[PDB]
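Reading through the structure tokens given below for one structure.
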Amino acid sequence: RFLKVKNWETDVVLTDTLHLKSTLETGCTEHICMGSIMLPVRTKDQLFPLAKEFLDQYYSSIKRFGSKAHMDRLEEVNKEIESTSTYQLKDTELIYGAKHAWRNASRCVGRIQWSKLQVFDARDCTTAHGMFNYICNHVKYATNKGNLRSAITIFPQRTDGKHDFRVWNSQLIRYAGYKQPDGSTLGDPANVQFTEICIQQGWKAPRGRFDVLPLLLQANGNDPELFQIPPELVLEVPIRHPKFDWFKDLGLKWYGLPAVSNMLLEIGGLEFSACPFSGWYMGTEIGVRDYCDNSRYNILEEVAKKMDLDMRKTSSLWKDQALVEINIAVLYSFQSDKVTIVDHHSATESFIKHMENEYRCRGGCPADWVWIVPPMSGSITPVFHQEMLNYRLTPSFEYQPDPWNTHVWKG
Amino acid sequence: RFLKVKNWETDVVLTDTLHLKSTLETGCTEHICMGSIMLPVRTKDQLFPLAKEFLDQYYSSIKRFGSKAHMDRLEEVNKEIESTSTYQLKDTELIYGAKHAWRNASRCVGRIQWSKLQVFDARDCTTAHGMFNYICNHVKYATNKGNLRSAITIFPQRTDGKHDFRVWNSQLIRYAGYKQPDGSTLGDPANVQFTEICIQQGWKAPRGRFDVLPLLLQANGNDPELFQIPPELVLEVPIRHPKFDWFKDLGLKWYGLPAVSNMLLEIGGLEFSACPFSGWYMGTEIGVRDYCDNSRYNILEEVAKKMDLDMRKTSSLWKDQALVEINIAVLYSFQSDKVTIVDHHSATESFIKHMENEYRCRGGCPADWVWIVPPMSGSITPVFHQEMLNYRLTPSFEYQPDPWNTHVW
Ligand code: HEM
Ligand code: HEM
Ligand SMILES: C[C@H](O)[C@H](O)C1=Nc2c(nc(N)[nH]c2=O)NC1
Ligand SMILES: C[C@H](O)[C@H](O)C1=Nc2c(nc(N)[nH]c2=O)NC1
Ligand SMILES: NC(=[NH2+])NCCC[C@H](N)C(=O)O
Ligand SMILES: NC(=[NH2+])NCCC[C@H](N)C(=O)O
Ligand SMILES: [Zn+2]
């Protein structure tokens with residue numbers, strides 16, 4: 001069955017067939033849509049099928065479907081599964097898998113870059129210190145002195161679920177958050193719980209507004225260990241405004257490398273629980289969400305005062321005016337320091353081209369409108385006017401429970 | 001069964017049971033979400049259950065579920081259907097149904113006012129002139145000299161599909177759109193077509209930027225007729241800026257009464273194909289969408305120019321800067337002339353309050369996030385952080401084919 005999506009600003013209509021290759025569920029039903037809900041070990045029995053589907057997808061991609069190599073590989077994997085209850089991916093398959101998990105990530109607006117992902121194979125890693133070393137190398141490679149390069153580091157896959165590798169941080173680089181006894185929060189409120197865990201594990205917190213958190217790494221199911229990322233490897237950008245000189249006085253800054261590190265990467269049934277990946281920021285992530293969310297740094301009021309805006313009534317749109325300025329500042333500061341970053345207009349325009357290309361060459365592009373449309377100026381970006389279909393393809397990136405909720409402490 | 005929705009800014013969690021009474025489909029399936037797609041006569045056998053469902057909910061609301069009156073009514077309607085192959089709602093039922101259709105409109109952010117809807121029963125209507133009269137009265141009543149009042153006028157229900165009442169305009173009051181020789185478009189591009197169908201009908205068009213279109217009314221299935229709305233009944237607002245004295249020079253204006261007229265109202269299986277309704281504007285509808293959409297008035301560049309902003313590269317956010325000033329202008333203009341209007345911050349805050357009331361008093365509130373979150377400053381409004389469940393409840397307002405693609409002169 002064919003499904004069509006229309007762009008209401010350009011009348012361009014596209015046909016989606018790729019959704020037929022989707023077997024996973026969305027969370028919605030014929031009677032209800034859960035499109036705005038944030039969060040809507042395997043056995044041989046179930047592993048064989050998943051491996052085959054994947055290998056079939058892989059061999060078709062290299063134009064070797066049905067070849068001897070394809071058949072030999074399928075036989076080899078099946079023997080290995082029956083013989084060990086699992087199987088190891090070849091390097092080529094891992095790279096293909098990682099790239100496609102990105103290509104299939106419906107919430108990511110930066111997918112036009114999917115094929116250029118640098119994949120670091122850390123499957124030979126066995127200890128927390130080893131993990132730290134791999135992570136430091138990823139950060140330095142990806143940061144590339146400001147000329148950011150997309151990358152992902154893949155640690156050993158899950159086996160019995162009791163020997164998991166996990167990066168307890170939600171992002172490799174992030175600022176600590178501290179709940180004060182007067183009820184206020186110093187730093188980033190989003191990371192208060194994790195910061196408390198770090199302190200308990202022994203981290204000596206400098207209790208500032210922008211303290212880079214330490215890495216809390218778990219290897220082979222052991223208790224996590226603390227490590228400090230070499231400061232020389234953490235690139236930060238002081239935020240200033242091109243017209244307002246008092247902006248710099250707000251004492252704001254952010255890190256240049258966004259590296260999600262708490263997701264699970266699934267490839268051919270295999271589960272990679274520690275797979276930190278990084279790209280580069282879209283301005284609004286920082287300027288709109290990290291700085292202006294009421295539950296994050298929440299700087300709107302202060303910026304509004306400095307601008308001497310009429311804050312007596314919302315209809316003055318003081319919040320909106322300030323939001324724009326803060327976002328102009330974030331983009332300007334990053335550009336001035338030559339640290340890669342993309343504004344939402346540029347990012348969304350590129351996503352539309354990528355999407356159309358994907359329909360034509362792949363038969364579709366699963367996309368989550370709720371996440372794709374920028375958190376500011378929605379309708380003045382092309383994606384707002386673009387109908388999208390959301391469905392789950394594999395390989396894929398999945399959410400997983402925070403480790404502190406499930407880890408069996410060994411002492 | 002029971003579903004929970006969380007607000008990530010307030011951590012508040014609400015439980016939804018109301019979705020269980022859902023009947024219609026959503027467009028989605030367990031393998032695919034069509035949440036962002038704009039567009040995802042009955043027989044006696046089909047009607048019977050629908051009527052029962054409605055009366056059952058109506059009587060339950062007045063606290064007399066399973067009463068003699070309830071039973072009698074169901075039996076009465078039951079009989080009427082068997083004979084006339086349909087039935088007539090009592091006035092009380094018509095009012096209850098219309099109010100609930102609004103209550104159930106998942107794409108409406110202004111539902112906190114749902115119970116105050118004024119309903120004008122125009123079922124006794126029979127001609128295009130009669131319809132024109134009813135519409136004029138609705139406009140005057142709703143405009144109320146700028147102190148807007150919500151209202152809906154309900155014309156005769158569907159019978160056989162060959163005797164349908166329809167308002168061909170998409171809104172009671174909208175501006176004309178003409179295709180210039182310049183290749184460009186004069187007026188509102190969204191109505192370029194409908195405009196043509198009217199100009200074709202003899203409408204002498206002033207061919208200006210903002211020309212109030214004429215009503216094209218269809219009664220009892222006959223072909224439609226034209227009518228000019230008394231200019232004294234159309235409240236318009238000149239758009240100026242609280243700081244950019246030059247803004248007014250732009251020469252822009254918008255009407256104060258937003259009145260959707262191309263939808264179909266379903267109550268107890270009965271279909272009301274002509275049911276224009278009006279409320280009042282949320283600022284962004286005009287400032288962000290009507291003025292800044294690329295396929296609408298598309299006025300960003302021009303405004304950014306006058307503001308003398310660096311339009312060389314997108315990263316200067318000139319588009320965003322201008323967008324905000326404009327929207328400040330709309331709210332200022334309307335407020336200056338005492339014409340009801342609500343900003344997106346106030347409107348979304350009220351919707352959150354409404355959702356909570358609805359959850360505690362009805363077990364839920366169907367809502368389409370894609371439409372509820374305003375087209376600008378999304379995450380700066382509380383609804384952005386609010387998980388919502390979208391489902392179809394009845395009575396309801398449904399989309400319907402433009403008549404000029406079904407009629408037959
Ligand atoms: C190259 C630059 C990249 C840009 C500009 C980009 C942009 C974005 C943005 C704006 C979001 C939403 C983030 C949020 O709201 O928290 C996102 C989500 C996502 N992206 Fe990307 N991305 C990039 C690279 C990557 C890479 C390297 C991968 C994977 C290898 C990826 C995987 C994902 C996934 C899985 C999500 C959803 C994460 C979640 O659910 O929290 N992205 N991306
Ligand atoms: C009184 C103030 C009202 C406010 C502030 C309000 C606000 C809104 C807004 C902002 C939208 C989206 C419009 C768009 O993007 O095109 C909308 C849609 C809608 N509203 Fe309301 N509304 C009001 C009254 C009404 C009334 C009186 C009814 C019906 C009795 C109603 C039924 C609906 C429906 C069915 C939609 C979706 C229409 C579509 O699909 O195009 N609204 N409303
Ligand atoms: C409840 C709602 O789904 C939630 O607030 C949303 N979060 C996000 C979103 N979009 C992005 N990119 N990131 C989010 O965290 N859209 C909506
Ligand atoms: C494609 C997408 O569904 C479309 O652009 C949208 N239109 C609208 C929307 N929301 C409102 N209120 N009105 C629209 O017309 N959300 C998204
Ligand atoms: N563009 C990216 N790679 N984003 C990753 C998510 C980062 C997160 N949204 C933040 O603001 O820190
Ligand atoms: N608030 C309302 N009643 N809106 C009805 C829809 C009007 C439409 N969005 C417009 O800008 O013309
Ligand atoms: Zn859905």
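Sequence lines set the chain letters: A, B, ... in the order given, protein chains first and strands last, and positions in each chain run from 1. The figures here come from the full heavy-atom set of this structure, side chains too, leaving out hydrogens, waters and symmetry mates.
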Given side chains that start at C-beta, do those of [X] and [Y] come closer than 4.5 Å, heavy atoms only?
X: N294(A); Y: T10(B); answer: no
X: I380(B); Y: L300(A); answer: yes
X: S295(B); Y: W8(A); answer: no
X: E387(B); Y: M38(A); answer: yes

Search all heavy atoms of [X] against all heavy atoms of [Y] and return the closest pair with its distance.
X: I32(B); Y: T26(A); result: N-CG2, 3.3 Å
X: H31(B); Y: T23(A); result: CE1-O, 3.1 Å
X: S36(B); Y: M388(A); result: OG-N, 2.9 Å

Please state whether the side chain, the backbone, both or neither of [X] comes within less than 4.5 Å of a heavy atom of chain A.
X: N327(B); answer: both
X: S316(B); answer: backbone
X: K6(B); answer: neither

Heavy-atom distance under 4.5 Å to chain B: side chain of [X], backbone, both or neither?
X: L331(A); answer: side chain
X: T284(A); answer: neither
X: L323(A); answer: side chain
X: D343(A); answer: side chain
X: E325(A); answer: side chain
X: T381(A); answer: neither
X: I341(A); answer: neither
X: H19(A); answer: side chain
X: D293(A); answer: side chain

**Item:** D320(A)-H344(B) side chain donor-acceptor pair, cut-off 3.5 Å
**Value:**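 Checked: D320(A)/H344(B) side chains pair up, N/O donor to acceptor below 3.5 Å.
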With chain B, which of [options] has the greatest number of heavy-atom pairs at distances under 4.5 Å?
options: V5(A), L24(A), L317(A), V342(A); value: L317(A)
options: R289(A), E30(A), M376(A); value: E30(A)
options: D368(A), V373(A), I37(A), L389(A); value: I37(A)
options: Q335(A), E349(A), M34(A), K313(A); value: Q335(A)

**Item:** Derivation and outcome, side chain to side chain contact (heavy atoms under 4.5 Å, CB included), residues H345(B) and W318(A)
**Value:** CA-CA 11 Å; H345(B) 299 289; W318(A) 61 270; over 6 Å; no
Taking everything shown except [X] itself, do over 12 heavy atoms lie less than 6.0 Å from its [atom1]?
X: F2(B); atom1: CZ; result: no
X: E301(B); atom1: CD; result: no
X: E25(B); atom1: CD; result: no

**Asked** What is the distance from atom CD of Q321(A) to atom CD of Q321(B), rounded to the nearest 0.5 Å?
**Response**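 Rounded to the nearest 0.5 Å, the CD-CD separation comes to 9.5 Å.
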**Top contributor to chain A interface from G35(B), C28(B), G378(B) [non-hydrogen pairs under 4.5 Å]** =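 Of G35(B), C28(B), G378(B), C28(B) has the most heavy-atom pairs under 4.5 Å with chain A.
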